[PDB]
Novice: 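Mind looking over this structure? Questions follow.
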Amino acid sequence: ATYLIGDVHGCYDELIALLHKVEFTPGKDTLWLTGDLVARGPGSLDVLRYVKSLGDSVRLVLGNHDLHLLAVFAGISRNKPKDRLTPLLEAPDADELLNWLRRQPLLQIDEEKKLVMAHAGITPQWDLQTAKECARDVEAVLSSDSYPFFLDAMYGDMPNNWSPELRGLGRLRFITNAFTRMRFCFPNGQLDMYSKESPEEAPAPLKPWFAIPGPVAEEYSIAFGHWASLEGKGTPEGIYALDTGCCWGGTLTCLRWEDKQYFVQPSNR
Ligand SMILES: Nc1nc(=O)c2ncn([C@@H]3O[C@H](COP(=O)(O)OP(=O)(O)OP(=O)(O)OP(=O)(O)O)[C@@H](O)[C@H]3O)c2[nH]1
Ligand SMILES: [Mn+2]
Ligand SMILES: [Mn+2]
């Protein structure tokens, strides 16, 4: 069976309880994870160890908090105490875990399931080939010996409009923001980098990225996490918002793909 789980954010106990509820069995089942495995919750180290141990039985995409952890690890950014990353950073296998994590994709595609996953979703300005190429570019820099330079360069909110003519730092920054930070779009699909509220509370003319018709969403289902204030609600058919805010005292949500059946684990906080 195929299980998809939203942002874990170090909530290892809830993740294990949820997978035990569905009797997740590596070798018979596959787990998709929307990213943001780490930070806020207490168990980022245990989560990383477990997900890495799954190997071919897990299909991950990186989120903004995974990238921030990599920035902290590489001395690019400062550790925030509230992220609760110090046990992971000081672990004896920290190097092994983080060198694995930085080699993971930003985008997962399964053609037989007609299913696409990325942390924040797929911007309506991309078709499938463009999204594939952008994922490959950013993954290439993240898995290279020089990834700290990219991590340093990724921070920023512009440009917010895709063009195939984008080059260098702006192209890479846009790719990263589209895959890991996107929530609202302008009518022309350009990214807004400030609003984090629910679609109902957003000011005009901002609308969810999935409310703008795009070539990928027209042909594929799209699963994503990231947008906790969405609360997994209000999406059109074929759009699956899996982040229900476990680390925030909400819930950890698991979707079984074969029957679109939902399983929910309450936050322990
Ligand atoms: N209105 C509202 N309703 C809710 O139900 C709810 N649940 C959480 N939040 C807030 O939403 C903010 C964004 O957190 P997030 O939605 O979990 O997304 P993250 O990727 O974890 O960080 P991120 O920093 O936000 O992500 P990017 O910077 O990459 O966009 C947090 O500061 C929470 O306090 C809520 N707010
Ligand atoms: Mn998150
Ligand atoms: Mn996120």
Side-chain angles (χ1 to χ4, degrees), residues 4-11 14 33-41 44 61-72 77 79-81 83-85 106-107 117-126 131 138 151 154-162 172-199 201-206 208-212 214 217 222-236 239-253 264 267:
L4 301 93
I5 294 183
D7 297 25
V8 174
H9 275 304
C11 301
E14 291 91 337
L33 289 167
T34 65
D36 277 359
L37 298 181
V38 304
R40 313 199 168 123
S44 297
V61 293
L62 297 176
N64 55 314
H65 288 270
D66 309 312
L67 292 180
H68 172 75
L69 160 67
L70 292 169
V72 173
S77 311
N79 198 28
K80 292 174 230 120
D83 286 338
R84 305 201 119 82
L85 296 176
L106 285 157
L107 174 73
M117 190 180 44
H119 179 69
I122 308 284
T123 169
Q125 305 189 311
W126 284 348
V138 175
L151 288 174
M154 77 184 189
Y155 285 111
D157 293 344
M158 288 297 296
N160 58 15
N161 205 63
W162 171 251
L172 175 137
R173 249 188 290 273
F174 175 89
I175 293 164
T176 305
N177 284 347
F179 280 128
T180 70
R181 297 181 54 214
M182 171 181 75
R183 278 187 191 77
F184 292 96
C185 286
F186 287 87
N188 61 7
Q190 105 174 30
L191 296 182
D192 167 82
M193 278 296 122
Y194 307 109
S195 185
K196 290 175 193 203
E197 325 80 57
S198 72
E201 319 269 32
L206 290 187
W209 64 267
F210 54 74
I212 298 200
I222 300 172
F224 65 110
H226 184 59
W227 190 350
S229 72
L230 196 56
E231 314 190 288
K233 309 192 261 243
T235 56
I239 298 291
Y240 303 85
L242 296 182
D243 179 12
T244 47
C246 188
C247 72
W248 300 111
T251 62
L252 189 67
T253 290
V264 168
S267 187

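Throughout, numbering of the chain's residues begins at 1 and tracks the sequence. All values below were derived from every heavy atom in this structure, side-chain atoms included, with hydrogens, water molecules and symmetry-related copies excluded.
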Novice: With the side chain counted from C-beta on, respond yes when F184 and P203 share a heavy-atom pair under 4.5 Å apart, and no when they do not.
Specialist: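 Not in contact.
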Novice: Just verifying a value: how many Å separate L206 CG and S195 OG, rounded to the nearest 0.5 Å?
Specialist: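 Output value for this atom pair is 6.0 Å.
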Novice: Which pair of non-hydrogen atoms, one from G249 and one from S267, has the smallest distance, and what is that distance?
Specialist: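 Heavy-atom minimum between the residues: CA-OG, 3.4 Å.
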Novice: I'd like to know if the side chain of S198 and the backbone of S229 have a donor-acceptor N/O pair within less than 3.5 Å.
Specialist: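 Side chain of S198 to backbone of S229, a donor-acceptor pair under 3.5 Å: no, none is there.
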Novice: Using the side chain to side chain contact (heavy atoms under 4.5 Å, CB included) criterion, which residues pair with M158? Sequence neighbours excluded.
Specialist: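 Expected list: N160.
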Novice: Would a distance-only check, ignoring hydrogens and angles, find a side-chain to backbone donor-acceptor pair under 3.5 Å from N64 to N177?
Specialist: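 Absent.
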Novice: Apply side chain to side chain contact (heavy atoms under 4.5 Å, CB included) to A178 and list each qualifying residue two or more places apart in sequence or on a separate chain.
Specialist: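 Partners of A178 under the side chain to side chain contact (heavy atoms under 4.5 Å, CB included) test: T123, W126, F174, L191.
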Novice: Does the ring centre of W209 sit less than 6.0 Å away from the ring centre of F186?
Specialist: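 Ring centres of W209 and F186 not closer than 6.0 Å.
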Novice: In the structure I gave you, are the side-chain heavy atoms of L230 and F224 within less than 4.5 Å of one another anywhere?
Specialist: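 Yes, side chains in contact.
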Novice: Judged by modelled atom types alone, do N188 and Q125 share a side-chain donor-acceptor pair under 3.5 Å?
Specialist: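 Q125 and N188 do not have a side-chain donor-acceptor pair below 3.5 Å.
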Novice: To the nearest 0.5 Å, what is the distance between CE on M154 and OG1 on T180?
Specialist: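 It comes to 7.5 Å.
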Novice: Any side-chain heavy atom of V61 within less than 4.5 Å of one from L33?
Specialist: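 A side-chain contact under 4.5 Å is absent here.
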Novice: What residues form a side chain to side chain contact (heavy atoms under 4.5 Å, CB included) with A120, not counting sequence neighbours?
Specialist: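 With sequence neighbours excluded, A120 shows a side chain to side chain contact (heavy atoms under 4.5 Å, CB included) to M182, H226, given in chain and number order.
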Novice: Which heavy atom of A39 sits nearest a heavy atom of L85, and at what distance?
Specialist: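 Minimum heavy-atom separation between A39 and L85: N-CD2, 3.8 Å.
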Novice: Please report the interatomic distance CG(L107) to CE(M117), rounded to the nearest 0.5 Å.
Specialist: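 With rounding to 0.5 Å, CG (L107) is 9.0 Å from CE (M117).
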Novice: Judged by atom type as modelled, is there a donor-acceptor pair below 3.5 Å linking the side chain of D243 to the main-chain atoms of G6?
Specialist: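 Not at all, since once roles are kept as given, no pair shorter than 3.5 Å links the two residues.
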Novice: Taking the side chain as everything from C-beta on, heavy atoms only, tell me whether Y240 gets closer than 4.5 Å to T235.
Specialist: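 In short, these two side chains do not touch, never coming nearer than 4.5 Å.
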Novice: Would you indicate whether the side-chain heavy atoms of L67 and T176 approach each other to under 4.5 Å?
Specialist: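 Side-chain contact under 4.5 Å: yes.
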Novice: Please list, chain by chain and in numerical order, all residues satisfying side-chain hydrogen bond (donor to acceptor under 3.5 Å, both in side chains) with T244, sequence neighbours excluded.
Specialist: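 If we apply the side-chain hydrogen bond (donor to acceptor under 3.5 Å, both in side chains) test to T244, skipping adjacent residues, the hits are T251, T253.
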Novice: To the nearest 0.5 Å, what is the distance between CG (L252) and SG (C247)?
Specialist: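 The SG atom of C247 is 10.0 Å from CG of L252, to the nearest 0.5 Å.
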Novice: Could you pull out the closest heavy-atom pair between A71 and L151, with the gap in Å?
Specialist: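 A71 and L151 have their closest heavy atoms at N-CD1, 3.6 Å.
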Novice: On a heavy-atom basis, which atom in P187 and which in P205 lie closest, and how many Å separate them?
Specialist: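 Scanning both residues completely, I find the closest heavy atoms to be CD-O, 3.5 Å.
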Novice: Once rounded to the nearest 0.5 Å, what's the spacing between atom CG of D157 and atom CG of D192?
Specialist: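 Output value for this atom pair is 9.0 Å.
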Novice: Just so I know, are the side chains of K80 and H68 near enough to count as touching, which here means a heavy-atom distance under 4.5 Å?
Specialist: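 In short, these two side chains touch, coming nearer than 4.5 Å.
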Novice: Has the side chain of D66 got a donor or acceptor atom that lies under 3.5 Å from a matching backbone atom of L37?
Specialist: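 Yes; at least one donor-acceptor contact below 3.5 Å.
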Novice: Quick check: closest heavy atoms across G41 and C11, and the distance to 0.1 Å?
Specialist: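 Smallest interatomic distance, heavy atoms only, reads CA-SG, 4.3 Å.
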Novice: Using side-chain hydrogen bond (donor to acceptor under 3.5 Å, both in side chains) as the criterion, list what pairs up with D7, not counting sequence neighbours.
Specialist: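 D7: side-chain hydrogen bond (donor to acceptor under 3.5 Å, both in side chains) contacts with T34.
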Novice: Answer whether the closest heavy-atom distance between the side chains of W248 and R40 falls below 4.5 Å.
Specialist: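 In short, these two side chains touch, coming nearer than 4.5 Å.
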Novice: Donor-acceptor check, side chain of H119 to backbone of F179, threshold 3.5 angstrom: yes or no?
Specialist: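 A pair under 3.5 Å: no.
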Novice: Between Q190 and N161, which heavy-atom pair has the shortest distance, and what is it?
Specialist: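 Minimum heavy-atom contact is CB-OD1, 3.4 Å.
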Novice: Any heavy-atom pair between the side chains of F210 and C185 that's under 4.5 Å?
Specialist: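 Not touching, per the 4.5 Å side-chain cut-off.
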Novice: With sequence neighbours left out, write down each residue that passes side-chain hydrogen bond (donor to acceptor under 3.5 Å, both in side chains) with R173, or none if nothing qualifies.
Specialist: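 Not a single residue meets the side-chain hydrogen bond (donor to acceptor under 3.5 Å, both in side chains) criterion with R173.
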Novice: Could you measure the distance from the CG atom of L70 to the CG atom of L62? Nearest 0.5 Å is fine.
Specialist: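 If I round to the nearest 0.5 Å, the distance is 7.0 Å.
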